[PDB]
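For reference, the structure is listed below as structure tokens.
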Amino acid sequence: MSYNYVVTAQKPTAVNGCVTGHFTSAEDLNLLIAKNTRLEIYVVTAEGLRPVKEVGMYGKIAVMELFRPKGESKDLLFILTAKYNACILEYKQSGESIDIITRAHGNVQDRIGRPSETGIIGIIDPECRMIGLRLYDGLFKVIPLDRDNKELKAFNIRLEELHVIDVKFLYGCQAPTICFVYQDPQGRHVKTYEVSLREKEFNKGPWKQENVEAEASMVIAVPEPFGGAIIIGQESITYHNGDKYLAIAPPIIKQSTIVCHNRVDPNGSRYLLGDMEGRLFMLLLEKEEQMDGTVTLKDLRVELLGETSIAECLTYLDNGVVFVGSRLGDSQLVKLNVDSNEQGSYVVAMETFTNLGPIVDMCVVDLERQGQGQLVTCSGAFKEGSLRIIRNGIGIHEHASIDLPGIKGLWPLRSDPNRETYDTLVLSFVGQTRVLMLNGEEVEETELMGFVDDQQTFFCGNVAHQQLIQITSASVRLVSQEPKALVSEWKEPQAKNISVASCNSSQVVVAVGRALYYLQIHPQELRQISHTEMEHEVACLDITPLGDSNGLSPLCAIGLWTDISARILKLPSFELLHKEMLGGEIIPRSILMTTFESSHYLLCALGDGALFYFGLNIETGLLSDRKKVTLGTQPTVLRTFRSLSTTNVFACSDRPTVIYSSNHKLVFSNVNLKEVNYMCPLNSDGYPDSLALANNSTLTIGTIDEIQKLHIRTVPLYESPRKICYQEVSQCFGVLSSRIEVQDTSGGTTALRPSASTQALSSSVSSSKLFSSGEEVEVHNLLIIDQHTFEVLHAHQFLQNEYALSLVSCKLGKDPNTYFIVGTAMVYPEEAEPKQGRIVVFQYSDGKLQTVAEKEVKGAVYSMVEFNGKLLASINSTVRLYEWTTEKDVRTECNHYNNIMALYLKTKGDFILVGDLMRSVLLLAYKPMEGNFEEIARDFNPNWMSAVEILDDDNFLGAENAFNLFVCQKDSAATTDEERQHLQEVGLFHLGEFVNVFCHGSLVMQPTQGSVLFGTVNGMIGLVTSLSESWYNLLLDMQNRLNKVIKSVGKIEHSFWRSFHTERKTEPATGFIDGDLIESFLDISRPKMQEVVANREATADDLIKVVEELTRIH
Amino acid sequence: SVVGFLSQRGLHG
């Protein structure tokens, strides 16, 4: 009876792989970016990357190649998952609908095989006869390619060499020839086979097995007009082909390992080279000719180019541009130039994509102490290292604050025909109208001629021809800049009130009910045009001359009343085109027409809070897309604001919301405000690029943040953050940190770049003497970060060869001080395991870092929580509970020993604890008995844990070695001396992500209980909530209904995907639900949606509600 | 050393 729910909050951002080619069209250049279970598809351009398709998959993309057999119009995509789902995809655009189609698929795992060294490798013969694979030691799977083989049937051949490093097919080979580097006793060797598939074996490969260097690791296979193989070790790079052996040893590279490569020149004279360091190389192959004879190779060399992010994936594109995929930090777009700028760096960054990197640790914090949490993460490694701040929604900064319990509208207003700036704000009111002249930034209310005060203004827009307009209930008035009086005034021939207004900076359309007039602001007067009545009452109107319309406006749209409807109409004629008969007994409060970059838009709000938006045509004018929205529970009002280059639409509800732009779509993100009624852009000298926004009472003004449902702030560390605390009483973060350094000629240790810990404002170093008795080492610091400025206030450097591994911020014993405690360890490569380390207590004073108390320990402190005023701390294998003396020292109370190695610990407030390295997780009470530890229970499987958490008194979350999540509770069972000493795995789930951290927290607010967030090696931030058996079931069922309906990309089984899984167990998922999947429900067409129901009760669109009332859980 | 592995089994490479 465990029931939980998991959702992605941030898709993974690390880039595990990426390929280039023509997959969209035979002419079109594509960049395929592989994340984990997300496939990004862009078209490269002059500018950069036209994003085009974003599919997710039910698998961890392990292999990714493009390729094209004969009689093929464009490239096809081969994809191999980490659970051995092969498949072959194709790009399919049915005019406007885009689709990725599965041309073939099948699962290629084998019952045998222990997975090899260097993990999976997929390769493809250039002639496209087949696909070669290495998944296991000793075997080599081959998937022969034919028009069919639509189930990718493959056979293994046997492989003498039990330990292969890398492998490619060679070029210019008659028979499909592989080439590989492998290690046996002695050293490493380079071997070749042919591959005949007829008889399925190998045969002999073109040339003798040669030797290669101890650390040869990459194999490049040079295209046709050269052929042969490039081999890359440390300090050294070599070429082989038949008798030909060319080699170089450029000290330049010795400094680091090559790690990724990429052909630039189809012919293959040039290649990029990636480095553990971030360095980028050009590898040059010097050709050479003779007449009626092809082309040898005379030499090859390396030329440093500069510095990218640390590259996994690396891909030349258009002229001198290079996509650089990074998992350790930010992926980026990069220009190589022929000349080197300042410092000799032929490399220039063009763009830069935010990668939450490895999230090594993280935590929550209400910075501006509000009610939402921000999130703060340690990220990257080495130079990419850094901190990232993450905040839900779009926020705004408030300047003035005039509380006006009424404001029923507002429009801009300049009082000078010159300046782009305005100085008045006229505002519809509680059956009145006030005005607001400004000394610029200062508030003042007066009067303007021909603008009623006791009559309630319905509009105020900026009409050209040097005049000011006020539509009131009664008249649509007119005023001037020149005359500035009763310049004109239109009164309804009958003494009947205006209902709906609509002034354009040139045109005017009012409505009297079903009555529709039309007037014009021609030089200093209001001339009239058409009259037309409608079926029912005019609900709402909008007119704005769209794209190819100077002032004068093309067609239009209008919400009506009793029939509840919206409809397409032209101008002085008033001719009905198309219309939608929406449901309900509540009318459209708001209808809007717009543009962005490449489209014209129609949107329509209802009184309930829900919207419908559809796509218009300034030419044809027909339907678009029907997909009601949620939004407020209150009538939404739509207005447009001034922003960047693609100005947007703000939605006023109780839940205020922006409508930005996606790929060519429209973002639908929260705005961080309590309630907004009406809103408009602004510019005054005193309040520029501002927006105005009123509520129940208060006018506010200010600018607007990024876009995305998430805004992300970052603090480059230049090194590798490890842990992170928040001492709030000190208004700062504490952060464990680490930089590398090298031996000197003096012996000691230099460094390799300025770091967060060397550029520190102040600084310390451990004095402590508790111990006695080229080359790389780590240097570790506690760091103190201003929570407001994100500066390295102070730095404490730790001992020579100490790792600080844990960090807490707490009060202790009776002592009223809030400390920063730090578990450490003396690490050495000759020791398989550390047996020395220390806990240290620290304080941050004025700007001071007091070393309050140390405490040597006989092991590595792996973690430590504040307990109940005491200090709990895992030491290497022991789990210990320290006390604070009034004499201000850490002294023992008790310890547990029954651990293979305690890595993680958490606390159920009371006296309950938990965790272990290669077992699964135990449960421990502390006892106000004799103050002892009692081991309540454990779980006997064997999960190399990575992360642990406690949801409640019974519920224990676990993440581990193999990207699985799992839950434990303890048995409700008679015979409580075994059935109690054991706790059962009541939830299992494959996340497909490696989790470093859990924590209670949430990103939202000011159905489901609890909320734990998690952070992954890959950039993914997910969330785990608890559920009610019923809700579980409503959703379990709905998972199954839903799977049948959705066509999964590589035709992969969702449930195969989510199946708990190790190298010795595969159970299906119990007691977990991905909203990820549930959320899919919303992307589905009503047809495919009705289906999901044939059946307390059962509806049809009832659930569409439930599913929104879920997304909003993060 | 449990370290060399264990502080790297974060990075993930």
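State whether the range A:154-200 is rounded, prolate or oblate according to the following rule on the C-alpha gyration tensor (a ≥ b ≥ c being the square roots of its eigenvalues): a/c under 1.5 gives rounded; otherwise a/b larger than b/c gives prolate, and the remaining case gives oblate.
oblate
When both bridge partners sit in chain A, DSSP labels roughly 95% of those beta bridges antiparallel.
What's the magnitude of the charge dipole for the range A:1027-1114 around its Cα centre, counting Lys and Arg as +1 and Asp and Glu as -1 at the beta-carbon? Answer in Debye, nearest 20.
Values: 12 positive and 15 negative charges, 66 e Å.
So the magnitude is around 320 debye.
When each of the peptides A:592-604, A:81-93 is scored by the mean number of other C-beta atoms lying within 10 Å of its residues, the order from highest to lowest reads A:81-93, A:592-604.
Between A:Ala26 and A:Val302, the distance separating the two model label sites (each 7 Å from Cα on the Cα→Cβ line) works out to 4.1 nm.
If each DSSP helix of 4+ residues adds -39,500 (n - 2.57) and the sum is divided by the residues in the protein assembly as shown, what number results at 222 nm, nearest 500 deg cm²/dmol? Show your work: numbers first, answer last.
Numbers: 8 runs with 54 residues, N = 1127.
It comes out at -1000 deg cm²/dmol, rounded to the nearest 500.
So for the pair A:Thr1066, A:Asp339, with labels modelled 7 Å out along Cα→Cβ, what separation do we get in nm? Between A:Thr1066 and A:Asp339, the label points sit 6.0 nm apart. In summary, the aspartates and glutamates within cross-link reach of A:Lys335, defined as a Cα separation below 17 angstrom excluding same-chain residues under 8 places away, comprise A:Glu47, A:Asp265, A:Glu303, A:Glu307, A:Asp318, A:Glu351. Straight Cα distances below 19 angstrom link A:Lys769 to the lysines A:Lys835, A:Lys855, A:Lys858, with same-chain residues fewer than 8 positions distant left out. Rounded to 0.05, the FRET efficiency of the A:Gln186 and A:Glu72 pair, given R0 = 30 Å and the Cβ-Cβ distance, is 0.10.
Counting only other residues whose beta carbon sits under 14 Å from that of A:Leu197, what net charge do I get with K and R as +1, D and E as -1?
Values: positive: A:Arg129, A:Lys141, A:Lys153, A:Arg198, A:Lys200; negative: A:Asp125, A:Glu127, A:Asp146, A:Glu194, A:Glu199, A:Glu201.
Overall, the nearby charge balance is -1.
Hydrodynamic radius of the range A:582-685 by the Kirkwood approach over all distinct alpha-carbon pairs: 14.3 Å. Bridging of A:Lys92 to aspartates and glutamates at a Cα separation below 17 Å is possible for A:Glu27, A:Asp28, A:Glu40, A:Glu54, A:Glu72, A:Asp75, once same-chain residues fewer than 8 apart are set aside. Taking the charge dipole of the protein assembly as shown about its Cα centre, with +1 at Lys and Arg Cβ atoms and -1 at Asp and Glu Cβ atoms, the residue from A:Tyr844, A:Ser738, A:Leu638 reaching farthest to the positive side is A:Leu638.
The alpha carbon radius of gyration of the range A:393-709, expressed as a multiple of 2.2 N^0.38 Å, is 0.95.
Filter the GluC sites (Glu not before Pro) in the range A:164-239 to those in DSSP coil with at most 11 other Cβ atoms within 10 Å of their Cβ, and list the result.
Values: sites: A:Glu194, A:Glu199, A:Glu201, A:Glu210, A:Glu213, A:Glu215, A:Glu235; in loops: A:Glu199, A:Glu201, A:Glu213, A:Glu215, A:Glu235.
Here the GluC sites (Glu not before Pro) that fit, given the DSSP loop and packing criteria, are A:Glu199.
Which peptide among A:891-898, A:47-54, A:286-293, A:691-698 comes first, and what is the full order, when sorted by highest mean count of other Cβ atoms within 10 Å?
By packing density, highest mean first, the sequence is A:691-698, A:47-54, A:891-898, A:286-293.
Residues whose amide H comes within less than 5 Å of that of A:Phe994, counting only those at least five positions distant or on another chain, are A:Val1017, A:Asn1018 (H built at 1.01 Å from N in the peptide plane). A Cα-only calculation for the range A:1-129 places Rg and Dmax at 16.3, 57 Å.
Put one equal scatterer on each alpha carbon of the range A:48-203, apply the Debye formula with no solvent term, and list log10 I(q)/I(0) at q = 0.09, 0.10, 0.15, 0.19 1/Å to two decimals. Results for the range A:48-203 at q = 0.09, 0.10, 0.15, 0.19 Å⁻¹ read -0.32, -0.39, -0.84, -1.25. When all alpha-carbon pairs of the range A:1-62 are counted, what percent fall beyond 13 Å? Every Cα pair in the range A:1-62 considered, those over 13 Å come to 67 percent.
Would you mind getting the Kirkwood hydrodynamic radius of the range A:1027-1114 from its Cα pairs, rounded to one decimal in Å? Could the numbers behind the result be given before it?
On the way: mean 1/r = 0.0706 Å⁻¹.
With all distinct Cα pairs of the range A:1027-1114 included, I get 14.2 Å.
Cα centroid separation, the range A:917-977 to the range A:274-345: 51 Å. Charge tally around A:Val321: other residues with Cβ under 11 Å, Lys/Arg +1 each, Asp/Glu -1 each, net -2.
Are there trypsin sites (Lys or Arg not before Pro) in the range A:575-639 that DSSP marks as loop and that have at most 14 other Cβ atoms within 10 Å, and which are they? Before the final figure, lay out the partial values.
Values: sites: A:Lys579, A:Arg589, A:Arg626, A:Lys627, A:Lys628, A:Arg639; in loops: A:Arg626, A:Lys627, A:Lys628.
Loop-located and lightly packed - A:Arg626, A:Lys627.
Please work out how much length the chain gains when fully extended from A:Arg369 to A:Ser697, using 0.36 nm per residue of separation minus the C-alpha to C-alpha distance, in nm with one decimal. Before the final figure, lay out each step's value.
Values: separation 328, 0.36 × 328 = 118.08 nm, distance 2.34 nm.
Result: 115.7 nm gained on full extension.
In terms of the Cα gyration tensor, with a ≥ b ≥ c the square roots of its eigenvalues, is the range A:935-1075 rounded because a/c is under 1.5, prolate because a/b exceeds b/c, or oblate? Judged from the Cα gyration tensor, the range A:935-1075 comes out rounded (a/c under 1.5).
Using the Cβ-Cβ distance between A:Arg111 and A:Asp137 with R0 set to 22 Å, the FRET efficiency from 1/(1 + (r/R0)^6) comes to roughly 0.90.
The loop-placed GluC sites (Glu not before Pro) in the range A:300-401, going by DSSP, that have at most 14 neighbouring Cβ atoms within 10 Å of their Cβ come out as A:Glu342, A:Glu368, A:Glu398.
Counting charges near A:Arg414 (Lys, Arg +1; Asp, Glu -1) among other residues having Cβ under 12 Å from its Cβ returns a value of -3.
In this Cβ point-charge picture (+1 for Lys and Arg, -1 for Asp and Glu), chain A has a dipole of about 1480 debye about its Cα centre. Residues whose amide H lies under 5 Å from that of A:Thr630, counting only those 5 or more places away or on a different chain, are A:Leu611; hydrogens are built 1.01 Å from N in the peptide plane.
The fraction of all Cα pairs in the protein assembly as shown landing in successive 10 Å bins from 0 to the largest distance is 2, 9, 15, 19, 18, 16, 11, 6, 3, 1, 0, given as whole percents.
We did not get these values from a lab; they are worked out from the coordinates using the rules stated. A quick note on method: Cβ atoms are made from the backbone with ideal geometry, for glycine too, and the neighbour counts reach across all protein chains shown.
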